[PDB]
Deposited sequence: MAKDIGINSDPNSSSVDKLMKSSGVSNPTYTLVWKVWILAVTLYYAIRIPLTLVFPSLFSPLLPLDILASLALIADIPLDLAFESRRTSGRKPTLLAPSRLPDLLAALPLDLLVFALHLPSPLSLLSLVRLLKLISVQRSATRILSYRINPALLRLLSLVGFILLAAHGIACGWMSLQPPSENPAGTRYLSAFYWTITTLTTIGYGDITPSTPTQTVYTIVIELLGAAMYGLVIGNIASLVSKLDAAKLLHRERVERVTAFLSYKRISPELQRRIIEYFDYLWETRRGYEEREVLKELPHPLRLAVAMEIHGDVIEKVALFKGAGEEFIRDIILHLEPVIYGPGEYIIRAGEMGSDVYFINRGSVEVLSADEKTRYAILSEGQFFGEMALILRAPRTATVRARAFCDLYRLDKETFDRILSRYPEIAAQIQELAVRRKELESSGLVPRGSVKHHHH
């Protein structure tokens, strides 16, 4: 549903309202004007979200729900006790722990952590500036100019810049300053770390592939291999990057279980299926057993697949590329094949050698049957086995 979503958003806005008012009031008690209605509404939202959640871990919600702030603000309390209203916070923890699940997949987790941290940083800067322009000699100056200098200071401190135009004078100012410096250096170490971890995973494939190619190459040069083969290999890896980004079909489809892998394979070879069982008569238990045995392979341009005098024994189904057939030795082409078709069948149904030569024309992406396996699951079905003659 969405009501829980909009509700959590309302809780977020409420805790923001509190995080921003609480301290600004502790400094400027001239607020708490006929503006308590919003405080009451927010307290009600929190005390009405604590049960929903029920529909250690719940300790923050309990500490945030009770109005430990309305008292201190209504009945004037002194400086060291006027604090403890911040207990109305600690709901930000629940907010983060909720929105890290509501939005746990659609975006990188590191990015989400980074944004949360930045929000936390800015709220803390707002609180720290309030604390600073509290620890200052009282003067007659507008509250919009006392708050600007404080934000300027705490941002030059948290940022590790430190101009030096406005500095501590009294000791307590100095202790506050020390603590803020440490939190800034500790708040600036987290940002950099999250960012580094976020960029160290952007270009993964374009690094894995690069390392794999470097490995292959650096290994071949030790074997003192010709540059032509090196160039063929490099072209192969380029073609394998600019289509599927470097991934191998088998290792991938192995990450899936049997039914989904079968459905994939049956959505791939569907065309071939409507080009084989036409005059055969089988189906639904034979097509589904070989299809998991088809192993892929890629033949570059000009590479020989089948020669006119061998006994390969296998059969090849094309999926993407093209192919040309030729005579044994006179480079005369019978025809040209393309996707969907198939060849290598005779030497399977029949134990004769090959009758022609097969040379590719461009980068193929075809599949093949070992025939030890294909002939093994044919014997098991004797009807088609008789159909082959």
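Counting from residue 1 of the deposited sequence, the stretches lacking C-alpha coordinates in this chain are 1-27, 83-97, 432-456.
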